[PDB]
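As given, the protein sequences belong to chains B, C and A, one line each in that order. Going by the entry's author numbering, the letters in the first sequence line up with residues 1 to 221, in that order. Going by the entry's author numbering, the letters in the second sequence line up with residues 202 to 296, in that order. Going by the entry's author numbering, the letters in the third sequence line up with residues 1 to 212, in that order. For each residue, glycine too, the CB sits at the ideal point set by N, CA and C.
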Amino acid sequence: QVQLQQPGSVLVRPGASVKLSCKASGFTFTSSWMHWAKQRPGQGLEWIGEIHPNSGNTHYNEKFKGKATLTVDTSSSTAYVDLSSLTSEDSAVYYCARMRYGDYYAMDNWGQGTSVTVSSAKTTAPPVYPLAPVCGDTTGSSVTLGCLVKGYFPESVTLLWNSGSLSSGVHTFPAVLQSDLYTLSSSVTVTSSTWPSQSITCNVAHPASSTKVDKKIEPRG
Amino acid sequence: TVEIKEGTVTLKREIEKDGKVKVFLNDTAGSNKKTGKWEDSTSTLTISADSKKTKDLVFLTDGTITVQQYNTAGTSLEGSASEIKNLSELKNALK
Amino acid sequence: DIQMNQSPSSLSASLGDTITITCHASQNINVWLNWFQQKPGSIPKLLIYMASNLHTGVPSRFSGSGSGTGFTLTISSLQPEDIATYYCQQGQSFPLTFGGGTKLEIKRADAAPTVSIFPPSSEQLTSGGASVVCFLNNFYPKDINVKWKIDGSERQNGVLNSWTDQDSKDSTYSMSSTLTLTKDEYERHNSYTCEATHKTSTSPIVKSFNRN
Numbered sequence: 001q002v003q004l005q006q007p008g009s010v011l012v013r014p015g016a017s018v019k020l021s022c023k024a025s026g027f028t029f030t031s032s033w034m035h036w037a038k039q040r041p042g043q044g045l046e047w048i049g050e051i052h053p054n055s056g057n058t059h060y061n062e063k064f065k066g067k068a069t070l071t072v073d074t075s076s077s078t079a080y081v082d083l084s085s086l087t088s089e090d091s092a093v094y095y096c097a098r099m100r101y102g103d104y105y106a107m108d109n110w111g112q113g114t115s116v117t118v119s120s121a122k123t124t125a126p127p128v129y130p131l132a133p134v135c136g137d138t139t140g141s142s143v144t145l146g147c148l149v150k151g152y153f154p155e156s157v158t159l160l161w162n163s164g165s166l167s168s169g170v171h172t173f174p175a176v177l178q179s180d181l182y183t184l185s186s187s188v189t190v191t192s193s194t195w196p197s198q199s200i201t202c203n204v205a206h207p208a209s210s211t212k213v214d215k216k217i218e219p220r221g
Numbered sequence: 202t203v204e205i206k207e208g209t210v211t212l213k214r215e216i217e218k219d220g221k222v223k224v225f226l227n228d229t230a231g232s233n234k235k236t237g238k239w240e241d242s243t244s245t246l247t248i249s250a251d252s253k254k255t256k257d258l259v260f261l262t263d264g265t266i267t268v269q270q271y272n273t274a275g276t277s278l279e280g281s282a283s284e285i286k287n288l289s290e291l292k293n294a295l296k
Numbered sequence: 001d002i003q004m005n006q007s008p009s010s011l012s013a014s015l016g017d018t019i020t021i022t023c024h025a026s027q028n029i030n031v032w033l034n035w036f037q038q039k040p041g042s043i044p045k046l047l048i049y050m051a052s053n054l055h056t057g058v059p060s061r062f063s064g065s066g067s068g069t070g071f072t073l074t075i076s077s078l079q080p081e082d083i084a085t086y087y088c089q090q091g092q093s094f095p096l097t098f099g100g101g102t103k104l105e106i107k108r109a110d111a112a113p114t115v116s117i118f119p120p121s122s123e124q125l126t127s128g129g130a131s132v133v134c135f136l137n138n139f140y141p142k143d144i145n146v147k148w149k150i151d152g153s154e155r156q157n158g159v160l161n162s163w164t165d166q167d168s169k170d171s172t173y174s175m176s177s178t179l180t181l182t183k184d185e186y187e188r189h190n191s192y193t194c195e196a197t198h199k200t201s202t203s204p205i206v207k208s209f210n211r212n
């Protein structure tokens with residue numbers, strides 16, 4: 001089955017350049033038509049171009065002509081895009097897709113997309129803090145615990161409770177930026193009769209800084 | 202019947218002598234291969250490269266032949282059709 | 001260079017309803033139009049090609065029609081998994097262009113949020129920092145204003161708010177509000193409040209704590 005592999009996210013400095021890859025499998029690569037598109041947060045989709053792998057022939061969207069260049073590698077079945085002299089306006093998700101013609105004339109298979117960040121800020125690990133309710137017990141039918149992940153820039157972080165065991169009653173919030181630093185939080189709601197006798201832990205992983213953390217929500221009193 | 206050959210592309214045109222022409226197109230390549238859909242209603246042969254439309258070939262009764270190219274998107278015809286002169290200008294249409 | 005416009009730009013509909021989404025182009029494109037569906041934080045998915053053909057795997061409750069400059073997508077018997085952003089795209093000529101997109105929301109009855117307030121963690125104070133967070137879960141509609149009060153006095157600066165997308169399970173939204181301040185500031189007052197104003201009550205919902 002047709003698959004298109006793309007790296008999850010990349011960080012790059014302003015003015016620098018970046019190389020994006022898309023590995024294809026599941027169909028004849030030299031016999032295809034590969035396309036690229038970009039989508040900035042809540043702004044929509046812009047088309048970048050198309051390349052016929054068998055020749056390297058391309059067709060560009062005039063507003064990208066000097067910015068992006070498409071190329072391929074028939075031997076490893078991989079399509080590439082090179083973006084030069086990046087700016088903030090270049091931060092976005094870039095998708096590679098297979099365009100099928102014939103009776104279709106539509107892009108029916110897309111890659112996961114590569115989130116790109118253009119910043120001169122530095123990679124920082126995050127401090128994860130446990131959020132236990134305030135003084136006392138004796139309360140209904142449920143209790144809510146929280147996990148606060150503050151101060152990290154190398155953006156994507158993964159969070160879960162009990163290594164994934166506890167997944168019902170979870171609300172993970174989208175991280176917001178401020179002073180070149182992200183803050184994220186997550187709440188979990190359980191029965192009054194399970195905590196704190198049964199332990200609850202939020203696990204935080206931050207790939208860019210190679211950090212892994214486990215925090216046990218201990219009762220305050 | 203007439204049979205033209207260019208690379209791995211074979212174009213066959215034959216009249217069934219009762220006044221009915223029908224063109225066939227065949228390519229052996231496995232990449233950037235040509236294929237043709239024949240529309241006997243207008244005697245037009247549409248060539249596609251790897252499933253993408255590229256050129257229209259109209260074999261009229263007048264004996265002559267015309268060729269017109271599709272836009273880069275491969276959805277519609279561009280400019281104006283031209284008349285094929287010699288088989289040196291006809292072998293290009295099959296590249 | 002074809003411009004595509006969609007209408008409505010967003011819409012609220014009840015489960016089981018039948019909705020319509022229309023797309024119009026700058027110039028005749030005849031039948032070269034596609035429809036895509038994208039769920040929050042996911043990839044685009046082909047729904048319809050050549051303005052009216054269904055793509056394999058797609059429920060037959062989806063259909064499209066039109067040609068020329070007008071095309072409409074029809075979704076009947078609305079399901080909870082239909083919560084998405086939909087886009088139309090013309091393949092008439094390069095460059096290919098997409099419409100602005102139509103965001104879909106499921107309409108339900110109002111629901112007050114369940115609020116929870118959390119004092120700074122012991123650890124954060126051991127580094128000079130102090131964040132007070134307030135979660136407001138499972139409420140509807142989305143619109144809601146949160147206000148912080150330190151010793152009865154409101155606080156504007158230092159507030160960080162975040163919202164989740166609509167939940168496909170119960171159709172509610174949740175929200176997190178974090179107040180960050182220094183350890184000195186935190187230890188200069190004792191009462192911390194988190195007020196929430198929602199259509200579901202004239203009087204605001206309140207939750208606070210002190211130090212004991």
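Separation of residue j from residue i, as counted between CA atoms
{"i": "residue 232 of chain B", "j": "B/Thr211", "result": "Shown here, chain B extends from 1 to 221; a query on residue 232 of chain B therefore has no answer."}
{"i": "C/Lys223", "j": "C/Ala230", "result": "23 angstroms"}
{"i": "C/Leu291", "j": "B/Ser120", "result": "58 angstroms"}
{"i": "A/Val146", "j": "A/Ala130", "result": "19 angstroms"}
{"i": "B/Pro41", "j": "C/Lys296", "result": "44 angstroms"}
{"i": "B/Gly44", "j": "C/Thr255", "result": "31 angstroms"}
{"i": "A/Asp151", "j": "A/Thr193", "result": "8 angstroms"}
{"i": "A/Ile117", "j": "B/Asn162", "result": "23 angstroms"}
{"i": "B/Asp180", "j": "A/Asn53", "result": "47 angstroms"}
{"i": "C/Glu217", "j": "C/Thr267", "result": "21 angstroms"}
{"i": "B/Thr78", "j": "B/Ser84", "result": "20 angstroms"}
{"i": "B/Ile48", "j": "B/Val116", "result": "15 angstroms"}
{"i": "A/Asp143", "j": "B/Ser141", "result": "27 angstroms"}
{"i": "C/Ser277", "j": "B/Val149", "result": "55 angstroms"}
{"i": "C/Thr236", "j": "B/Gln1", "result": "25 angstroms"}
{"i": "B/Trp195", "j": "A/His24", "result": "56 angstroms"}
{"i": "A/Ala109", "j": "A/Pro80", "result": "15 angstroms"}
{"i": "A/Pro59", "j": "A/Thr74", "result": "12 angstroms"}
{"i": "A/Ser153", "j": "B/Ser9", "result": "43 angstroms"}
{"i": "B/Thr114", "j": "B/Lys19", "result": "11 angstroms"}
{"i": "B/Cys147", "j": "A/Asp167", "result": "20 angstroms"}
{"i": "residue 241 of chain A", "j": "A/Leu47", "result": "Residue numbering for chain A in the displayed model covers 1 to 212; residue 241 of chain A lies beyond these limits and cannot be assessed."}
Outcome for residue i when other beta-carbon atoms lying within 10 angstroms are tallied against a minimum of 16
{"i": "C/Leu212", "result": "buried"}
{"i": "A/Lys199", "result": "exposed"}
{"i": "A/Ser174", "result": "buried"}
{"i": "B/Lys215", "result": "buried"}
{"i": "A/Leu15", "result": "exposed"}
{"i": "B/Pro126", "result": "buried"}
{"i": "A/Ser42", "result": "exposed"}
{"i": "C/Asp251", "result": "buried"}
{"i": "A/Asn137", "result": "buried"}
{"i": "B/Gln6", "result": "buried"}
{"i": "B/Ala16", "result": "exposed"}
{"i": "C/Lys221", "result": "exposed"}
{"i": "B/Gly56", "result": "exposed"}
{"i": "A/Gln37", "result": "buried"}
{"i": "A/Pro40", "result": "exposed"}
{"i": "A/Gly64", "result": "buried"}
Chain-ordered neighbours of residue i on chain C, where CB pairs are closer than 7 angstroms
{"i": "A/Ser67", "result": "Near A/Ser67 there are no residues of chain C at all, since even the closest Cβ is about 13 angstroms away, more than 7 angstroms."}
{"i": "A/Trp32", "result": "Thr276"}
{"i": "B/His171", "result": "Result: empty, since nearest Cβ-Cβ is about 45 angstroms, beyond 7 angstroms."}
Option in the options with minimal Cα separation from residue i
{"i": "A/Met4", "options": "A/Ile29, A/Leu47, A/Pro141", "result": "A/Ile29"}
{"i": "C/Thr243", "options": "C/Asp251, C/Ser232, C/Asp228, C/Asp263", "result": "C/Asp263"}
{"i": "B/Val134", "options": "B/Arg220, B/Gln5, B/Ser17", "result": "B/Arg220"}
{"i": "B/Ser75", "options": "B/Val143, B/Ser88, B/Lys23, B/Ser17", "result": "B/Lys23"}
{"i": "residue 236 of chain A", "options": "A/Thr172, A/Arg188, A/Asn161, A/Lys169", "result": "Any property of residue 236 of chain A remains undetermined from this structure, which presents chain A solely from 1 to 212."}
{"i": "A/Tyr86", "options": "A/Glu187, A/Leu11, A/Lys169", "result": "A/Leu11"}
{"i": "B/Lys122", "options": "B/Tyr104, B/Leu148, B/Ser209", "result": "B/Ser209"}
{"i": "C/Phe260", "options": "C/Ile285, C/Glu279, C/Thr273", "result": "C/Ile285"}
Residues that residue i contacts on chain B, provided the C-beta gap is smaller than 8 angstroms
{"i": "A/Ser131", "result": "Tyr129, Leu148, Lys150"}
{"i": "C/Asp251", "result": "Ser31, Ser32, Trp33, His52, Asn54, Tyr101"}
Within chain A, the residues that residue i reaches when beta carbons sit closer than 7 angstroms
{"i": "C/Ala274", "result": "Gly91, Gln92, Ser93, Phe94"}
Interface partners of residue i on chain C, CB under 9 angstroms
{"i": "A/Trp35", "result": "Within chain C, no residue comes near A/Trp35; the closest Cβ sits about 18 angstroms away, beyond 9 angstroms."}
Contact set between residue i and chain B, taken where Cβ atoms lie within less than 9 angstroms
{"i": "C/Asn233", "result": "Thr30, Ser31, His52, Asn54, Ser55"}
{"i": "A/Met50", "result": "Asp103, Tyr104, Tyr105, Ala106"}
Contacts that residue i makes with chain C (C-beta to C-beta distance below 8 angstroms)
{"i": "B/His206", "result": "Within chain C, no residue comes near B/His206; the closest Cβ sits about 44 angstroms away, beyond 8 angstroms."}
Contacts that residue i makes with chain A (C-beta to C-beta distance below 8 angstroms)
{"i": "B/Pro174", "result": "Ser162, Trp163, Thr164"}
Taking 8 angstroms as the threshold, find out whether the segment 119–130 of chain A comes into contact with the segment 95–104 of chain A through three or more Cβ pairs.
no
With contact counted as at least three CB pairs below 8 angstroms, one residue from each stretch, are the segment 18–35 of chain A and the segment 88–99 of chain A in contact?
yes
Quick test of the definition: if touching needs 3 or more C-beta pairs under 8 angstroms, does the segment 164–182 of chain B touch the segment 84–97 of chain B?
no
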